[PDB]
Amino acid sequence: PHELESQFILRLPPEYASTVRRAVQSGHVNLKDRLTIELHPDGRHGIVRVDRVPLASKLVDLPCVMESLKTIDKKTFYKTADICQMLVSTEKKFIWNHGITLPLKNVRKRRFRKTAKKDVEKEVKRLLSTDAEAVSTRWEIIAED
Amino acid sequence: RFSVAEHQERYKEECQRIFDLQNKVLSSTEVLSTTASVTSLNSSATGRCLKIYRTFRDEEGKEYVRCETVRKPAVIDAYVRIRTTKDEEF
Amino acid sequence: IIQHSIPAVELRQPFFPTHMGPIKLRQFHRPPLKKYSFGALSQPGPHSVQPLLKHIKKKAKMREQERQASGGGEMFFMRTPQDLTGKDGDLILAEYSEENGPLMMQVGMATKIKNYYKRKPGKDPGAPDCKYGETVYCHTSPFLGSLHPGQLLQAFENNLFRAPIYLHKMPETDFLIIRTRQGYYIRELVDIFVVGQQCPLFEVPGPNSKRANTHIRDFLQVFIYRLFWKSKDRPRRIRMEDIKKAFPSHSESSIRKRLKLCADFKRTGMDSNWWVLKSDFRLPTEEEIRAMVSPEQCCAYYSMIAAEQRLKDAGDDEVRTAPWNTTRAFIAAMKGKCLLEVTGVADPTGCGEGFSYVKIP
């Protein structure tokens, strides 16, 4: 079978980004030893090791949706993957408010129409299980108390 | 009392001006400095929280009762919507 | 005019899913980073990224050899799923301004970049030249506004929408990591477009519409025909629980309705518990199956069911912002049926920027 490739964006500190960029544009396999990525079983934490120097990483959710588009003639572009995550290196914390481009900054706060967390469904599933495992349930919409 | 050219031209100019503004906004390479003020809703129209009493049996012999209060209007809506639907499933 | 990849026009399941559940409809076009169970990345620990520069230039030199061996004209290259990898070719990125657009391309579909250039009054030097796309001189503005004299505007143009794009240079810190089961791979990016508000050219159907139910029935029929084509036994035969694995929300009465014509169930003897193909039934050819369902209809259906989920999760203003209403409003405005209030609540920005596509008389 075929599995859709999973592309994400890696953001590095600027000096480390310059060393990684020089090693990528060089093209040797020396970069392969120099740059490693360890993703922790949290799923939202990691180390990126540039030249064997550890950097602390967080995999965050991006507010917009990006799409990689490949081409052979620079006139027709074929969509290859959807990018929604970024492993910035240096829950609410794992959500990025800004977009990658310069015009998109504070997009989630200003350029996004109010949208719901769809979280609440999981919380309701937790309450329903407790109700069904009980015997007697008493409910009242309340006031200030 | 125009019901024709006035409406059409007004719509056209709002379209062109809006488009121009959008073009100016997106192609900006100006750096933007890093919550936007919004109306804050009350705990629902009624301003009412939800409290649930649960009766369970512990190991050996016991009959403890748990009173749990849900102050989140979002959890409330989804909870009681299901309860009202169930009241009608029978 | 738009020629999608052969995985896209044949509606392969990895790229065009048969069924999307609720947690997969909430993560529509935002696929999370999945953990592998088997493979090299499934073992926990540090993993080296691998620089592909020799792979990119080897594949580009090989494709140029293929093009010059075929007479030197323009060629069609995306014939396999392995052509749609990010490991080769010139990648650009495309960011969207809206959170949830009314229409959005699936993986494997093609789009074009058109540079609309309105000449200056009288003499003009020529279109400011651009790295990507082809230039066209537009007297009649494609979008809602009109181009200024001497203004070039790039745009994504395909069958789904048409949207103004704006080329920005990438940040100096961001690279692109393509992870697969075997390892990590890194490219740099230099070009990233920002896509403005889309102008929809395809109408998203409504829920329980006639076009909606027709697309569901035709998609199920195309999947059944392609399972019959994949069958190796001579009286081609399929199993029902393959279709029940693909479409699990379907009642089995509908699947048996699709299999009633073109197949019959064998209970006993040979081919038992199989749905063999009827001997008088001619299985349709590849071009007929391609003419049954279009990929843009699948994208419109996916937009409808994703918007159905978002509205369902959020308990009339929101209903107006649903893509069936907004696509109907914009296409009706383009024929001149009706006008749109350009300031309203269907505005995907939430501020004065951007349009709202809801009908006004």
# chains A, B, ... in the order shown; residues from 1 in each chain; ligands from 1
$ residues_around --residues "stretch 50-62 of chain B" --least-positions-apart "4" --cutoff "8 Å" --atoms "only C-alpha atoms" --output "list in words"
residues 131, 133, 134, 135, 136, 137, 138, 139, 140, 141 and 142 of chain A; 66, 67, 68, 69, 70, 71 and 76 of chain B
$ write_last_selection --atoms "C-alpha atoms" --output "short mmCIF file (atom, residue, chain, number, x, y, z; two decimals), in the first residue's frame"
data_model
loop_
_atom_site.label_atom_id
_atom_site.label_comp_id
_atom_site.auth_asym_id
_atom_site.auth_seq_id
_atom_site.Cartn_x
_atom_site.Cartn_y
_atom_site.Cartn_z
CA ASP A 131 -23.40 8.40 35.32
CA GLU A 133 -21.73 3.35 36.67
CA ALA A 134 -23.87 4.97 39.39
CA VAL A 135 -27.29 4.06 40.88
CA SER A 136 -29.18 7.36 41.56
CA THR A 137 -28.52 10.70 39.74
CA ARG A 138 -29.89 14.08 41.02
CA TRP A 139 -29.59 17.23 38.82
CA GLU A 140 -30.59 20.93 39.14
CA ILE A 141 -29.59 23.99 37.02
CA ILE A 142 -28.31 26.22 39.80
CA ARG B 66 -20.75 12.42 45.07
CA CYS B 67 -22.05 15.96 44.32
CA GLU B 68 -20.12 17.40 41.32
CA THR B 69 -20.66 20.98 40.01
CA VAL B 70 -19.94 21.82 36.31
CA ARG B 71 -19.29 25.60 35.96
CA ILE B 76 -23.37 21.96 30.40
#
$ interface_residues --of "chain B" --to "chain C" --cutoff "9 Å" --atoms "only C-alpha atoms" --output "list in words"
residues 8, 11, 12, 13, 14, 15, 16, 17, 18, 19, 20, 21, 22, 23, 25, 26, 27, 29, 77 and 78 of chain B
$ write_last_selection --atoms "N, CA, C and O atoms" --output "compact mmCIF listing (two decimals), in the first residue's frame"
# COMPACT_ATOMS: atom_id res chain seq x y z
N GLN B 8 -26.24 48.54 -7.56
CA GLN B 8 -25.18 47.78 -8.27
C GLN B 8 -23.82 48.47 -8.07
O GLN B 8 -22.86 47.76 -7.70
N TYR B 11 -22.34 48.07 -4.58
CA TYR B 11 -21.76 46.73 -4.36
C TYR B 11 -20.41 46.68 -5.08
O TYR B 11 -19.44 46.25 -4.48
N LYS B 12 -20.36 47.20 -6.30
CA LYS B 12 -19.10 47.10 -7.08
C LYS B 12 -17.99 47.84 -6.35
O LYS B 12 -16.86 47.31 -6.30
N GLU B 13 -18.25 49.04 -5.86
CA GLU B 13 -17.14 49.80 -5.25
C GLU B 13 -16.76 49.12 -3.95
O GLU B 13 -15.57 49.13 -3.66
N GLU B 14 -17.71 48.59 -3.19
CA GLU B 14 -17.25 47.93 -1.95
C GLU B 14 -16.39 46.74 -2.32
O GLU B 14 -15.36 46.55 -1.69
N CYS B 15 -16.74 46.04 -3.39
CA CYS B 15 -15.90 44.92 -3.86
C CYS B 15 -14.51 45.42 -4.22
O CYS B 15 -13.55 44.84 -3.68
N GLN B 16 -14.36 46.44 -5.07
CA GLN B 16 -13.02 46.88 -5.45
C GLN B 16 -12.17 47.41 -4.29
O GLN B 16 -10.99 47.06 -4.17
N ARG B 17 -12.77 48.22 -3.42
CA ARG B 17 -12.03 48.77 -2.29
C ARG B 17 -11.57 47.68 -1.34
O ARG B 17 -10.42 47.67 -0.88
N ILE B 18 -12.46 46.73 -1.05
CA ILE B 18 -12.15 45.64 -0.15
C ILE B 18 -11.02 44.80 -0.72
O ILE B 18 -10.09 44.43 0.00
N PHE B 19 -11.08 44.54 -2.02
CA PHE B 19 -10.06 43.75 -2.68
C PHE B 19 -8.72 44.46 -2.59
O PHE B 19 -7.69 43.84 -2.30
N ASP B 20 -8.73 45.77 -2.81
CA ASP B 20 -7.49 46.54 -2.75
C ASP B 20 -6.90 46.47 -1.35
O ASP B 20 -5.69 46.27 -1.18
N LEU B 21 -7.76 46.59 -0.35
CA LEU B 21 -7.30 46.55 1.03
C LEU B 21 -6.69 45.20 1.34
O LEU B 21 -5.63 45.11 1.97
N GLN B 22 -7.33 44.13 0.86
CA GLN B 22 -6.83 42.79 1.10
C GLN B 22 -5.47 42.61 0.46
O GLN B 22 -4.55 42.06 1.07
N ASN B 23 -5.32 43.13 -0.76
CA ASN B 23 -4.06 43.01 -1.46
C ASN B 23 -2.96 43.74 -0.70
O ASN B 23 -1.84 43.23 -0.58
N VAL B 25 -2.87 44.36 2.54
CA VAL B 25 -2.65 43.63 3.79
C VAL B 25 -1.81 42.35 3.71
O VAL B 25 -0.99 42.08 4.59
N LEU B 26 -2.03 41.56 2.67
CA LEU B 26 -1.36 40.26 2.51
C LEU B 26 0.04 40.46 1.96
O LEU B 26 0.96 39.90 2.55
N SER B 27 0.24 41.33 0.97
CA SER B 27 1.62 41.42 0.43
C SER B 27 2.55 42.24 1.33
O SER B 27 3.77 42.28 1.03
N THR B 29 5.33 43.25 3.70
CA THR B 29 6.51 42.58 4.31
C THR B 29 6.85 43.32 5.61
O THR B 29 7.93 43.09 6.16
N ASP B 77 -24.10 22.39 28.12
CA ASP B 77 -24.93 22.26 26.93
C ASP B 77 -24.92 20.84 26.35
O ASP B 77 -25.97 20.27 26.06
N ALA B 78 -23.72 20.27 26.21
CA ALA B 78 -23.57 18.93 25.67
C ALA B 78 -24.11 17.85 26.58
O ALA B 78 -24.66 16.85 26.12
$ interface_residues --of "chain C" --to "chain A" --cutoff "6 Å" --atoms "only C-alpha atoms" --output "compact mmCIF listing (two decimals) with N, CA, C and O atoms, in the first residue's frame"
# COMPACT_ATOMS: atom_id res chain seq x y z
N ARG C 30 -5.51 18.91 8.48
CA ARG C 30 -4.51 19.13 9.52
C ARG C 30 -4.15 17.77 10.11
O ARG C 30 -4.57 17.44 11.22
N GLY C 45 14.43 6.77 20.13
CA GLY C 45 15.84 7.20 20.22
C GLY C 45 16.13 8.37 19.29
O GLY C 45 15.19 8.86 18.64
N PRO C 46 17.38 8.87 19.21
CA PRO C 46 17.73 9.91 18.25
C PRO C 46 17.75 9.32 16.84
O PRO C 46 18.10 8.17 16.70
N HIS C 47 17.37 10.11 15.84
CA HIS C 47 17.33 9.62 14.43
C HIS C 47 17.97 10.65 13.50
O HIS C 47 17.51 11.80 13.52
N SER C 48 18.96 10.24 12.70
CA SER C 48 19.64 11.18 11.83
C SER C 48 18.75 11.59 10.67
O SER C 48 18.09 10.75 10.06
N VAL C 49 18.73 12.88 10.36
CA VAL C 49 18.06 13.32 9.15
C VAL C 49 19.04 13.15 8.00
O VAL C 49 20.25 13.10 8.19
N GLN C 50 18.50 12.97 6.80
CA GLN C 50 19.34 12.66 5.65
C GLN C 50 19.16 13.73 4.59
O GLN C 50 18.02 14.04 4.21
N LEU C 53 20.04 15.99 -1.89
CA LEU C 53 20.39 17.05 -2.87
C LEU C 53 20.82 16.26 -4.10
O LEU C 53 20.47 16.66 -5.22
N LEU C 84 4.64 11.52 -6.42
CA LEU C 84 4.08 12.61 -5.64
C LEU C 84 4.80 12.81 -4.31
O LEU C 84 4.23 13.40 -3.39
N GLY C 89 11.80 17.33 -7.21
CA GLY C 89 11.11 18.43 -7.83
C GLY C 89 11.24 19.71 -7.02
O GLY C 89 11.72 19.73 -5.89
N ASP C 90 10.79 20.81 -7.63
CA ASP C 90 10.90 22.12 -7.00
C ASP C 90 9.65 22.36 -6.17
O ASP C 90 8.59 22.65 -6.71
N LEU C 91 9.79 22.26 -4.85
CA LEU C 91 8.69 22.48 -3.94
C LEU C 91 8.55 23.96 -3.61
O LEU C 91 9.55 24.66 -3.41
N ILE C 92 7.31 24.44 -3.59
CA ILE C 92 6.96 25.71 -2.98
C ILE C 92 5.97 25.41 -1.87
O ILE C 92 5.37 24.34 -1.83
N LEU C 93 5.79 26.37 -0.97
CA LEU C 93 4.76 26.21 0.04
C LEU C 93 3.64 27.20 -0.23
O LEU C 93 3.84 28.23 -0.84
N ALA C 94 2.43 26.86 0.23
CA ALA C 94 1.26 27.70 0.02
C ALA C 94 0.46 27.75 1.30
O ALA C 94 -0.13 26.74 1.71
N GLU C 95 0.42 28.91 1.93
CA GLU C 95 -0.27 29.11 3.20
C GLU C 95 -1.63 29.70 2.91
O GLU C 95 -1.80 30.43 1.94
N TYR C 96 -2.62 29.39 3.73
CA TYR C 96 -3.97 29.88 3.49
C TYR C 96 -4.34 30.94 4.53
O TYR C 96 -3.96 30.83 5.69
N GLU C 99 -9.21 30.05 7.87
CA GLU C 99 -9.02 28.84 8.67
C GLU C 99 -9.55 27.63 7.93
O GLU C 99 -8.81 26.66 7.69
N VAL C 107 -4.48 15.58 -1.88
CA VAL C 107 -3.11 15.26 -2.27
C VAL C 107 -3.12 14.55 -3.61
O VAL C 107 -3.84 13.57 -3.80
N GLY C 108 -2.35 15.07 -4.55
CA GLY C 108 -2.26 14.49 -5.88
C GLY C 108 -2.92 15.31 -6.95
O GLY C 108 -2.78 14.98 -8.13
N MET C 109 -3.61 16.37 -6.59
CA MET C 109 -4.33 17.19 -7.55
C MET C 109 -3.47 18.35 -8.02
O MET C 109 -2.60 18.83 -7.29
N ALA C 110 -3.73 18.80 -9.23
CA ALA C 110 -2.93 19.82 -9.87
C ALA C 110 -3.61 21.18 -9.79
O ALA C 110 -4.84 21.28 -9.68
N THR C 111 -2.80 22.23 -9.85
CA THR C 111 -3.27 23.60 -9.93
C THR C 111 -2.28 24.38 -10.76
O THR C 111 -1.13 23.97 -10.94
N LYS C 112 -2.72 25.51 -11.29
CA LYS C 112 -1.89 26.33 -12.14
C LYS C 112 -1.70 27.70 -11.51
O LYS C 112 -2.54 28.14 -10.72
N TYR C 132 7.28 31.96 -11.32
CA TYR C 132 6.36 30.82 -11.44
C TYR C 132 5.07 31.23 -12.11
O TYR C 132 4.58 32.30 -11.82
N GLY C 133 4.51 30.36 -12.92
CA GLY C 133 3.25 30.58 -13.60
C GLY C 133 3.42 31.13 -15.00
O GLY C 133 4.52 31.44 -15.45
N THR C 173 15.02 30.60 9.34
CA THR C 173 15.21 29.56 10.32
C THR C 173 14.49 28.27 9.99
O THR C 173 14.80 27.23 10.58
N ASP C 174 13.53 28.29 9.07
CA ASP C 174 12.64 27.16 8.86
C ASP C 174 13.13 26.29 7.71
O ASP C 174 13.45 26.79 6.63
N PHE C 175 13.16 24.99 7.95
CA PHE C 175 13.45 23.96 6.96
C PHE C 175 12.25 23.03 6.90
O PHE C 175 11.34 23.12 7.71
N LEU C 176 12.26 22.11 5.94
CA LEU C 176 11.13 21.20 5.76
C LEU C 176 11.60 19.77 5.97
O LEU C 176 12.44 19.27 5.21
N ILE C 177 11.06 19.11 6.98
CA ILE C 177 11.43 17.73 7.30
C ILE C 177 10.32 16.81 6.81
O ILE C 177 9.18 16.90 7.25
N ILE C 178 10.68 15.93 5.89
CA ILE C 178 9.79 14.91 5.36
C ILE C 178 10.12 13.64 6.13
O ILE C 178 11.19 13.06 5.96
N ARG C 179 9.21 13.20 6.99
CA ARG C 179 9.42 11.95 7.70
C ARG C 179 8.59 10.87 7.05
O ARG C 179 7.45 11.11 6.62
N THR C 180 9.20 9.71 6.89
CA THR C 180 8.54 8.48 6.46
C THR C 180 8.87 7.42 7.50
O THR C 180 9.39 7.72 8.57
N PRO C 348 -14.57 35.41 6.47
CA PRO C 348 -13.70 34.45 7.16
C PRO C 348 -12.61 35.09 8.01
O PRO C 348 -11.97 34.39 8.80
N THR C 349 -12.38 36.40 7.87
CA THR C 349 -11.41 37.08 8.70
C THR C 349 -11.97 37.39 10.08
O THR C 349 -11.30 37.19 11.09
N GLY C 350 -13.22 37.83 10.15
CA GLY C 350 -13.78 38.34 11.38
C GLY C 350 -13.55 39.81 11.59
O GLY C 350 -14.00 40.35 12.61
$ closest_residue --among "B:83, B:44, B:32, B:88" --to "chain A" --atoms "only C-alpha atoms"
B:32
$ select_by_dssp --residues "stretch 47-76 of chain B" --states "strand (DSSP E or B)" --output "ChimeraX atom specification"
/B:50-55,65-70
$ write_last_selection --atoms "N, CA and C atoms" --output "short mmCIF file (atom, residue, chain, number, x, y, z; two decimals), in the first residue's frame"
data_model
loop_
_atom_site.label_atom_id
_atom_site.label_comp_id
_atom_site.auth_asym_id
_atom_site.auth_seq_id
_atom_site.Cartn_x
_atom_site.Cartn_y
_atom_site.Cartn_z
N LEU B 50 -24.30 23.89 36.36
CA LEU B 50 -24.95 22.55 36.45
C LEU B 50 -24.31 21.74 37.59
N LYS B 51 -25.11 21.17 38.49
CA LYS B 51 -24.56 20.33 39.59
C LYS B 51 -25.19 18.92 39.53
N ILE B 52 -24.36 17.87 39.62
CA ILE B 52 -24.86 16.47 39.50
C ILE B 52 -24.56 15.68 40.78
N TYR B 53 -25.55 14.97 41.31
CA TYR B 53 -25.32 14.11 42.51
C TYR B 53 -25.25 12.65 42.04
N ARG B 54 -24.19 11.93 42.42
CA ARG B 54 -24.01 10.53 41.94
C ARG B 54 -23.97 9.56 43.13
N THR B 55 -24.76 8.48 43.07
CA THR B 55 -24.79 7.47 44.16
C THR B 55 -24.10 6.19 43.69
N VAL B 65 -22.19 9.17 48.28
CA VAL B 65 -22.87 10.00 47.23
C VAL B 65 -21.92 11.14 46.83
N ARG B 66 -21.70 11.37 45.53
CA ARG B 66 -20.75 12.42 45.07
C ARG B 66 -21.51 13.57 44.42
N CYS B 67 -21.39 14.79 44.96
CA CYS B 67 -22.05 15.96 44.32
C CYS B 67 -20.98 16.70 43.51
N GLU B 68 -21.16 16.78 42.19
CA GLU B 68 -20.12 17.40 41.32
C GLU B 68 -20.74 18.59 40.59
N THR B 69 -20.09 19.76 40.63
CA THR B 69 -20.66 20.98 40.01
C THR B 69 -19.88 21.31 38.73
N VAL B 70 -20.59 21.45 37.60
CA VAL B 70 -19.94 21.82 36.31
C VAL B 70 -20.19 23.30 36.05
#
$ atom_distance --atom1 "atom CA of residue C:101" --atom2 "atom CA of residue A:91"
24.4 Å
$ closest_residue --among "A:22, A:122, A:45, A:93" --to "chain B" --atoms "only C-alpha atoms"
A:122
$ residues_around --residues "residue C:135" --least-positions-apart "5" --cutoff "10 Å" --atoms "only C-alpha atoms" --output "list in words"
residues 113, 114, 115, 116, 117, 127, 128, 129, 130, 152, 153 and 154 of chain C
$ write_last_selection --atoms "N, CA and C atoms" --output "PDB file, in the first residue's frame"
ATOM      1  N   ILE C 113      -0.611  28.362 -11.838  1.00  0.00           N
ATOM      2  CA  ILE C 113      -0.384  29.734 -11.406  1.00  0.00           C
ATOM      3  C   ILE C 113      -0.516  30.644 -12.617  1.00  0.00           C
ATOM      4  N   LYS C 114      -1.513  31.524 -12.572  1.00  0.00           N
ATOM      5  CA  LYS C 114      -1.776  32.483 -13.624  1.00  0.00           C
ATOM      6  C   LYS C 114      -1.451  33.874 -13.110  1.00  0.00           C
ATOM      7  N   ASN C 115      -0.643  34.615 -13.862  1.00  0.00           N
ATOM      8  CA  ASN C 115      -0.261  35.977 -13.514  1.00  0.00           C
ATOM      9  C   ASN C 115      -1.104  36.923 -14.358  1.00  0.00           C
ATOM     10  N   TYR C 116      -2.162  37.464 -13.760  1.00  0.00           N
ATOM     11  CA  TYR C 116      -3.036  38.393 -14.454  1.00  0.00           C
ATOM     12  C   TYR C 116      -2.398  39.778 -14.460  1.00  0.00           C
ATOM     13  N   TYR C 117      -2.225  40.354 -15.638  1.00  0.00           N
ATOM     14  CA  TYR C 117      -1.548  41.642 -15.775  1.00  0.00           C
ATOM     15  C   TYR C 117      -2.370  42.581 -16.642  1.00  0.00           C
ATOM     16  N   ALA C 127       4.659  42.747 -18.831  1.00  0.00           N
ATOM     17  CA  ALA C 127       4.322  42.234 -17.482  1.00  0.00           C
ATOM     18  C   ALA C 127       5.585  42.165 -16.645  1.00  0.00           C
ATOM     19  N   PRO C 128       5.558  42.579 -15.365  1.00  0.00           N
ATOM     20  CA  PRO C 128       6.732  42.426 -14.547  1.00  0.00           C
ATOM     21  C   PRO C 128       6.910  40.911 -14.616  1.00  0.00           C
ATOM     22  N   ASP C 129       8.110  40.433 -14.911  1.00  0.00           N
ATOM     23  CA  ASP C 129       8.269  38.966 -15.076  1.00  0.00           C
ATOM     24  C   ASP C 129       8.216  38.266 -13.705  1.00  0.00           C
ATOM     25  N   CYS C 130       7.686  37.031 -13.657  1.00  0.00           N
ATOM     26  CA  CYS C 130       7.573  36.294 -12.373  1.00  0.00           C
ATOM     27  C   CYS C 130       8.158  34.891 -12.506  1.00  0.00           C
ATOM     28  N   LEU C 152       0.220  43.519 -11.699  1.00  0.00           N
ATOM     29  CA  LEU C 152       0.254  42.074 -11.879  1.00  0.00           C
ATOM     30  C   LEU C 152      -0.144  41.390 -10.584  1.00  0.00           C
ATOM     31  N   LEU C 153      -1.104  40.473 -10.679  1.00  0.00           N
ATOM     32  CA  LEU C 153      -1.569  39.691  -9.547  1.00  0.00           C
ATOM     33  C   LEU C 153      -1.484  38.220  -9.905  1.00  0.00           C
ATOM     34  N   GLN C 154      -0.725  37.463  -9.135  1.00  0.00           N
ATOM     35  CA  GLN C 154      -0.664  36.023  -9.315  1.00  0.00           C
ATOM     36  C   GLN C 154      -1.869  35.360  -8.659  1.00  0.00           C
TER      37      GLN C 154
END
$ atom_distance --atom1 "atom CA of residue C:26" --atom2 "atom CA of residue C:305"
10.2 Å
$ closest_residue --among "B:49, B:5, B:89, B:10" --to "chain A" --atoms "only C-alpha atoms"
B:49
$ select_by_dssp --residues "stretch 20-238 of chain C" --states "alpha helix (DSSP H)" --output "number ranges by chain"
C: 22-26, 54-69, 210-229
$ write_last_selection --atoms "N, CA and C atoms" --output "tab-separated table (two decimals), in the first residue's frame"
chain	number	residue	atom	x	y	z
C	22	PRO	N	-15.31	11.08	12.91
C	22	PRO	CA	-15.43	12.40	13.55
C	22	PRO	C	-14.09	13.00	13.94
C	23	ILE	N	-13.18	12.21	14.51
C	23	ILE	CA	-11.87	12.73	14.88
C	23	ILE	C	-11.01	12.96	13.65
C	24	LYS	N	-11.31	12.31	12.53
C	24	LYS	CA	-10.62	12.59	11.29
C	24	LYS	C	-11.28	13.71	10.51
C	25	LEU	N	-12.53	14.06	10.83
C	25	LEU	CA	-13.15	15.22	10.22
C	25	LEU	C	-12.81	16.50	10.97
C	26	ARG	N	-12.53	16.40	12.27
C	26	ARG	CA	-12.02	17.56	13.00
C	26	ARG	C	-10.59	17.88	12.58
C	54	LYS	N	21.51	15.13	-3.87
C	54	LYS	CA	21.86	14.23	-4.95
C	54	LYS	C	20.61	13.57	-5.50
C	55	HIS	N	19.62	13.31	-4.64
C	55	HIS	CA	18.39	12.68	-5.09
C	55	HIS	C	17.57	13.64	-5.94
C	56	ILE	N	17.54	14.92	-5.56
C	56	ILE	CA	16.76	15.91	-6.28
C	56	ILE	C	17.35	16.14	-7.67
C	57	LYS	N	18.66	16.35	-7.75
C	57	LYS	CA	19.27	16.62	-9.04
C	57	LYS	C	19.38	15.36	-9.90
C	58	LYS	N	19.48	14.17	-9.30
C	58	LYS	CA	19.44	12.94	-10.09
C	58	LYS	C	18.06	12.73	-10.69
C	59	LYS	N	17.00	12.98	-9.91
C	59	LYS	CA	15.66	12.83	-10.44
C	59	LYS	C	15.33	13.89	-11.48
C	60	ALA	N	15.84	15.11	-11.30
C	60	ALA	CA	15.58	16.15	-12.29
C	60	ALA	C	16.33	15.91	-13.59
C	61	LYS	N	17.57	15.42	-13.50
C	61	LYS	CA	18.32	15.04	-14.69
C	61	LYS	C	17.68	13.86	-15.39
C	62	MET	N	17.13	12.91	-14.63
C	62	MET	CA	16.46	11.76	-15.22
C	62	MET	C	15.16	12.17	-15.92
C	63	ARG	N	14.40	13.08	-15.33
C	63	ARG	CA	13.19	13.57	-15.97
C	63	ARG	C	13.49	14.41	-17.20
C	64	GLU	N	14.60	15.15	-17.19
C	64	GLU	CA	14.99	15.88	-18.40
C	64	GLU	C	15.44	14.94	-19.51
C	65	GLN	N	16.10	13.83	-19.15
C	65	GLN	CA	16.43	12.82	-20.15
C	65	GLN	C	15.19	12.17	-20.73
C	66	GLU	N	14.18	11.91	-19.89
C	66	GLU	CA	12.91	11.37	-20.36
C	66	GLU	C	12.21	12.33	-21.29
C	67	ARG	N	12.27	13.63	-20.98
C	67	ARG	CA	11.58	14.62	-21.80
C	67	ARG	C	12.30	14.82	-23.13
C	68	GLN	N	13.63	14.82	-23.13
C	68	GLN	CA	14.36	14.96	-24.38
C	68	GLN	C	14.38	13.68	-25.20
C	69	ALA	N	14.12	12.53	-24.59
C	69	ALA	CA	13.98	11.31	-25.38
C	69	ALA	C	12.62	11.20	-26.02
C	210	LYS	N	-29.66	16.10	-3.25
C	210	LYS	CA	-29.70	15.08	-4.28
C	210	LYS	C	-28.31	14.85	-4.87
C	211	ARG	N	-27.55	15.93	-5.05
C	211	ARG	CA	-26.17	15.82	-5.52
C	211	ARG	C	-25.29	15.12	-4.50
C	212	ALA	N	-25.57	15.31	-3.21
C	212	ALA	CA	-24.81	14.65	-2.16
C	212	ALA	C	-25.02	13.14	-2.19
C	213	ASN	N	-26.27	12.70	-2.20
C	213	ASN	CA	-26.57	11.27	-2.24
C	213	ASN	C	-26.13	10.64	-3.55
C	214	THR	N	-26.20	11.39	-4.65
C	214	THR	CA	-25.69	10.90	-5.92
C	214	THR	C	-24.18	10.69	-5.88
C	215	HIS	N	-23.45	11.60	-5.22
C	215	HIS	CA	-22.01	11.41	-5.13
C	215	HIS	C	-21.65	10.24	-4.24
C	216	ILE	N	-22.38	10.04	-3.13
C	216	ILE	CA	-22.13	8.89	-2.26
C	216	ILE	C	-22.36	7.58	-3.01
C	217	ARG	N	-23.46	7.49	-3.76
C	217	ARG	CA	-23.77	6.28	-4.51
C	217	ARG	C	-22.75	6.03	-5.62
C	218	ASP	N	-22.34	7.09	-6.32
C	218	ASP	CA	-21.38	6.93	-7.41
C	218	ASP	C	-19.98	6.59	-6.90
C	219	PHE	N	-19.59	7.14	-5.75
C	219	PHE	CA	-18.31	6.81	-5.15
C	219	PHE	C	-18.26	5.35	-4.72
C	220	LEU	N	-19.35	4.87	-4.11
C	220	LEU	CA	-19.43	3.46	-3.73
C	220	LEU	C	-19.40	2.54	-4.94
C	221	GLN	N	-20.05	2.97	-6.03
C	221	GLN	CA	-20.05	2.15	-7.25
C	221	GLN	C	-18.68	2.10	-7.90
C	222	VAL	N	-17.96	3.22	-7.89
C	222	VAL	CA	-16.61	3.26	-8.46
C	222	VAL	C	-15.66	2.40	-7.64
C	223	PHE	N	-15.77	2.44	-6.31
C	223	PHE	CA	-14.96	1.58	-5.45
C	223	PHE	C	-15.26	0.09	-5.70
C	224	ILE	N	-16.53	-0.24	-5.93
C	224	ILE	CA	-16.90	-1.63	-6.19
C	224	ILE	C	-16.35	-2.10	-7.53
C	225	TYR	N	-16.42	-1.25	-8.55
C	225	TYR	CA	-15.86	-1.60	-9.86
C	225	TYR	C	-14.35	-1.77	-9.80
C	226	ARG	N	-13.67	-0.92	-9.04
C	226	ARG	CA	-12.22	-1.04	-8.95
C	226	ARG	C	-11.80	-2.24	-8.09
C	227	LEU	N	-12.65	-2.67	-7.16
C	227	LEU	CA	-12.37	-3.93	-6.48
C	227	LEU	C	-12.60	-5.12	-7.40
C	228	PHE	N	-13.55	-5.02	-8.32
C	228	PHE	CA	-13.75	-6.10	-9.27
C	228	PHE	C	-12.61	-6.17	-10.27
C	229	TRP	N	-12.05	-5.02	-10.65
C	229	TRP	CA	-10.92	-5.00	-11.57
C	229	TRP	C	-9.67	-5.59	-10.92
$ atom_distance --atom1 "atom CA of residue C:320" --atom2 "atom CA of residue C:297"
21.3 Å
